């Protein structure tokens, strides 16, 4: 599955030093944070009921559910969406979202149940299509930090209420993102159902949480279990630890860290290395979650080569894992540092910037 040199060195580091010497700053990492107590519980039959109970508990808390609500774990968010559509068998699904290519899981699930599908990021195109035979789905946010406007959110919910239509909020990232923007949880807004992802601004694995009216959640969960769409206990355990450790303030501090991150040594290095070679041109950009180094060299072919070499230098010498350590483009290619990553808590700004400076310098030896 393309280039295993990155795997090898991580294993060298793990053997010679240990897990604490590795830092995945790529942002795209699942968070499996179970302890030996969990591990022991996972090797008993009472482990399945135990973690399902903790997920219900910390999941309801996270999603603003009340005593009439239940929260269950699915293998992925797409799994919860398919289970919902298979259980409810809507004749039509109306999908309101921030930007107008959506994720295809809802549409694909519709195809399977021969339900009609319609999507739009325009509230006016949503409102007049809502009737009793429609399942209304609202994607709350993007990872890009675009959100559905709160008044629009409330208008859609109000219309479904009037038409006796079920409202199912896709808060895959929105259960975190919208809250950063001071919006209430989906269930507090009157949503019948909500789904969120346990690895989007959370320290859990990829997985889904589905919450809402007990009756609805139960039916959907039973449907899901027919085909193994539900989260198994090892996944429920990782989800529980994510939920238990989750705190919104942590996310706000990570975003602030990125905002205040001193990147001037990069510019200093850029002008410094032109002594070696006039074709060196370090281009970087600050990002909502950290920063990206897009370029280090003017000639496009050497640029690619050098970025990969720097990524390898970062890993080898500093234990920092990034995407450029995997060969060639397709996914990213830019050297990306995501400060919202759990591992970024283990290292200060000084470690990161010095690691980057030295890793670049190393690749541009005369």
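Residue numbers count along the first chain shown, from 1.
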Mean C-alpha B-factor comparison - 293-301 and 23-31, higher one: 23-31
Within-chain third of residue 347 by Cα B-factor, per the entry: highest
Chain thirds of CA B-factor: placement of residue 330: highest
Record-listed C-alpha B factor of residue 277: chain third: middle
Lowest, middle or highest third - CA B-factor, residue 255: highest
Entry-reported Cα temperature factor of residue 222, expressed as the chain third it lands in: middle
